[PDB]
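*Asks:* Dropping the structure in here first, questions after.
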Amino acid sequence: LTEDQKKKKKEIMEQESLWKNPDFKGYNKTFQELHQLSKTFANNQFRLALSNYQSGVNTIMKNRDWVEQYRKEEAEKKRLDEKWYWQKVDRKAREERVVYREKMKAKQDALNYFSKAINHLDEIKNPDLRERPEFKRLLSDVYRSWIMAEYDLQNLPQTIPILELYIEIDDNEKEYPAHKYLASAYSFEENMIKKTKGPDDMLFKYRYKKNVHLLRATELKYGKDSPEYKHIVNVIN
Amino acid sequence: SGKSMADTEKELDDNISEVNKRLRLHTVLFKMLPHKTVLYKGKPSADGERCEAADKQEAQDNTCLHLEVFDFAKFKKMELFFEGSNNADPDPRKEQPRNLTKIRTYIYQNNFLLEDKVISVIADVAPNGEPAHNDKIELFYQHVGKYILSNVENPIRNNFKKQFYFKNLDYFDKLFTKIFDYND
Numbered sequence: 055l056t057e058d059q060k061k062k063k064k065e066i067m068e069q070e071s072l073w074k075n076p077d078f079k080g081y082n083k084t085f086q087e088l089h090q091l092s093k094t095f096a097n098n099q100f101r102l103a104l105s106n107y108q109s110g111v112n113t114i115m116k117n118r119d120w121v122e123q124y125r126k127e128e129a130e131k132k133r134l135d136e137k138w139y140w141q142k143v144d145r146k147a148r149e150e151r152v153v154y155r156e157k158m159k160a161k162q163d164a165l166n167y168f169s170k171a172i173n174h175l176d177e178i179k180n181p182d183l184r185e186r187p188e189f190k191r192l193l194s195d196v197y198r199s200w201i202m203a204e205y206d207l208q209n210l211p212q213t214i215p216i217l218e219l220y221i222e223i224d225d226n227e228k229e230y231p232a233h234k235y236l237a238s239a240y241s242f243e244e245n246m247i248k249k250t251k252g253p254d255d256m257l258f259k260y261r262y263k264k265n266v267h268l269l270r271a272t273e274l275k276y277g278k279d280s281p282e283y284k285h286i287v288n289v290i291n
Numbered sequence: 037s038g039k040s041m042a043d044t045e046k047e048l049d050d051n052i053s054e055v056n057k058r059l060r061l062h063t064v065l066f067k068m073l074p075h076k077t078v079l080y081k082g083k084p085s086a087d088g089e090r091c092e093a094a095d096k097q098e099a100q101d102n103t104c105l106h107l108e109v110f111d112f126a127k128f129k130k131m132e133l134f135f136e137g138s139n140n141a142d143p144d145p146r147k148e149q150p151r152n153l154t155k156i157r158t159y160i161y162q163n164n165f166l167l168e169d170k171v172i173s174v175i176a177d178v179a180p181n182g183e184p185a186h187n188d189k190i191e192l193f194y195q196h213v214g215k216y217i218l219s220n221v222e223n228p229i230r231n232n233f234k235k236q237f238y239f240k241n242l243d244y245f246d247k248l249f250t251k252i253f254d255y256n257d
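Residue numbers (the UniProt record's numbering), protein chains in the order written: chain W, 55 to 291; chain V, 37 to 68, 73 to 112, 126 to 196, 213 to 223, 228 to 257.
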């Protein structure tokens, strides 16, 4: 591979890791770095924004532990009134509904914390402070976790304004997952217009934006004038 | 503080460099549109800051690309001036990049404000040199007076490349790319 192809391969893997579903090793790495950045930044509103962001991610981590424990406790129950196939499926559907409703509440609490993290960053008014790598790192982490929290629950239309705000920050526009999620969420919205028989202007708006971010994600991962880039361009043209 | 300002300037210098490295590739269009985009082939002319469209658009001796962007009036213009002649081979799929001698851009509509003034013209006289080429970027200011980007305080200098120049370099690289892909 060339120096650009090797660099690109390395970067796509780092970006896929960046958007990895949360776990304990990523949590530890993320917050230890954010606290070191907070000490460098020495800004009380950034400190508060981080305290809230961490509380939001903690809500998510608490839920992941709850879901495993809940499913475990249910698995260990004896079901005496489960003689029929429809009884087994019904009980399964009831389990999934309880899990989804609890995940929905955890998402709502996590987004209230993320909203507070943003409201504190909003209080940093000095343009020299809003341009801080520390400011941009935290703001990117808040939006990324916010996008993922909604994405997991299939709340794709809600991810669009946050993905858009995300890609405007510190070259995030060059991230392949960011364009993949935008393209998928736009695709969902296009399908909503087709299913609900909505207006043509919105059909084409959503289709257009899907194709822009589909092609851009392709360009970023495979490169300009790659068999894959040429293919997507030829489908669009 | 000033540390972050320094890092921001460096990232912006590199972003304008990476796109200028892509813009130098549009030589592939000399031997060769998306809606509201008009491309002309030509040569550097007059005082060396402007591009004169060819009578023969397909001519092998064109060393400048002039691209006009319209929307709903003319909104933007870019002139890519290249160092060196084109390859003799008539097939654009075989053509190689040429370092840019200059990039000249104009903003007519959707004007950006830098400290409340419009920089309507940007003249980059070393687009493929060291990324840190602020002294090679002339700024023509309207409230058009000539300023040098390297003499701009810094946020200001950062806002110039973040809000005006990088974005125009990227917009035009994308338009030149669309034209190339559509005819390639």
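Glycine included, C-beta positions come from ideal geometry on N, C-alpha and C.
(1) Using a 10 Å radius around the Cβ and a threshold of 16 neighbouring Cβ atoms, would you call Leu268 of chain W buried or exposed?
(2) Can a CB atom of chain W be found closer than 9 Å to the CB of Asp43 of chain V?
(3) Decide if the stretch 122-133 of chain W is in contact with the stretch 183-197 of chain W; the criterion is three or more beta carbon pairs, one per stretch, under 8 Å apart.
(4) Which of the three DSSP states, helix, strand or coil, is assigned to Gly252 of chain W?
(5) Is it buried or exposed for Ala42 of chain V, if we count other Cβ within 10 angstroms and need 16 for buried?
(6) To the nearest whole angstrom, what separates the beta carbons of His62 of chain V and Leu133 of chain V, a pair I think is in contact under 8 Å?
(7) DSSP on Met246 of chain W, reduced to helix/strand/coil?
(8) Mind checking which residues open and close the beta strand (DSSP E) that includes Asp177 of chain V?
(9) Between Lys284 of chain W and chain V, is there a C-beta pair that is closer than 9 Å?
(10) Leaving out the 5 sequence neighbours to the left and right, which residues in its chain are closer than 6 Å to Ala160 of chain W when beta-carbon positions are compared?
(11) Is it a yes or a no for the stretch 139-147 of chain V touching the stretch 160-175 of chain V, going by three-plus beta-carbon pairs under 8 Å?
(12) Following the continuous beta strand (DSSP E) through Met131 of chain V, name the residue where it begins and the one where it ends.
(13) Does DSSP classify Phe85 of chain W as helix, strand or coil?
(14) Looking at the C-beta of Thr63 of chain V, does it have a partner C-beta in chain W at a distance below 9 Å?
(15) What number of angstroms, rounded off, separates the C-alpha of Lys263 of chain W from the C-alpha of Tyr240 of chain W?
(16) Where do the ends of the alpha helix (DSSP H) carrying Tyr154 of chain W lie?
(17) For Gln195 of chain V, which residues does DSSP report across the bridge?
(18) Alpha carbons only, please: which of W:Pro215, W:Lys278, W:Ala103 and W:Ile66 is nearest the one belonging to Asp176 of chain W?
(19) Give the residues of chain W in contact with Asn163 of chain V, contact being defined as C-beta atoms less than 8 Å apart.
(20) Please classify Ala203 of chain W as buried or exposed, where buried requires at least 16 neighbouring CB atoms within 10 angstroms.
(21) For the putative contact between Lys234 of chain V and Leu59 of chain V, defined by C-beta atoms under 8 Å, what is the C-beta separation to the nearest angstrom?
(22) If distances are taken between C-alpha atoms only, which option among V:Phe245, V:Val221, V:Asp257 and V:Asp254 comes closest to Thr158 of chain V?
(23) Please determine, among V:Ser40, V:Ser37, V:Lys76 and V:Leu65, the residue with the shortest C-alpha to C-alpha distance to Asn256 of chain V.
(24) When the Cα atoms are used, what is the spatial distance from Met256 of chain W to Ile214 of chain W?
(25) Taking all protein chains shown into account, decide if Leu217 of chain W is buried (16 or more other Cβ within 10 angstroms of its Cβ) or exposed.
(26) Check the Cβ-Cβ distances between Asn140 of chain V and every residue of chain W, and say whether any is below 9 Å.
(27) Please go through the same chain and pick out, in chain order, the residues whose beta-carbon is closer than 6 Å to the beta-carbon of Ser169 of chain W, but skip the five residues on each side of it.
(28) What residue does the alpha helix (DSSP H) around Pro281 of chain W start on, and which one ends it?
(29) Say whether chain V places a C-beta atom closer than 9 Å to the C-beta of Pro181 of chain W.
(30) I'd like the span of the alpha helix (DSSP H) that includes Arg184 of chain W, first residue to last.
(31) Starting from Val109 of chain V and walking both ways along the beta strand (DSSP E), at which residues does that stretch end?
(32) List the residues that DSSP assigns as beta-bridge partners of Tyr276 of chain W.
(33) Please give me, in chain order, every unbroken run of the alpha helix (DSSP H) with length at least 4 that falls completely inside the stretch 61-113 of chain W.
(34) On the criterion of 16 or more Cβ atoms from any shown chain inside 10 Å, does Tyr154 of chain W qualify as buried, or is it exposed?
(35) So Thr250 of chain V contacts chain W; which residues on that side make the cut at Cβ distance below 8 Å?
(36) Across the stretch 82-91 of chain W and the stretch 229-247 of chain W, are there enough close Cβ pairs to call them in contact, namely three or more that are closer than 8 Å?
*Replies:* On the basis of the supplied data:
(1) buried
(2) yes
(3) Contact between the stretch 122-133 of chain W and the stretch 183-197 of chain W is not established, with fewer than three Cβ pairs separated by less than 8 Å.
(4) coil
(5) So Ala42 of chain V counts as exposed.
(6) 6 Å
(7) helix
(8) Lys170 to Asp177
(9) Under the Cβ criterion of 9 Å, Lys284 of chain W is counted among the residues facing chain V.
(10) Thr113 and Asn117
(11) no
(12) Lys127 to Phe135
(13) helix
(14) no
(15) The alpha-carbon atoms of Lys263 of chain W and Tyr240 of chain W are separated by roughly 6 Å.
(16) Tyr139 to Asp176
(17) V:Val171
(18) W:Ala103
(19) Chain W residues near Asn163 of chain V: none, gap ~17 Å exceeds 8 Å.
(20) buried
(21) With a Cβ gap of about 15 Å, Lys234 of chain V and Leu59 of chain V do not count as contacting.
(22) V:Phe245
(23) V:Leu65
(24) 14 Å
(25) Label assigned to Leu217 of chain W: buried.
(26) no
(27) none
(28) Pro281 to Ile290
(29) yes
(30) For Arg184 of chain W, the enclosing alpha helix (DSSP H) stretches over residues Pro181 to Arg184.
(31) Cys104 to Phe110
(32) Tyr276 of chain W is not bridged to any residue.
(33) 78-95
(34) exposed
(35) Residues of chain W passing the Cβ test: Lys278.
(36) no
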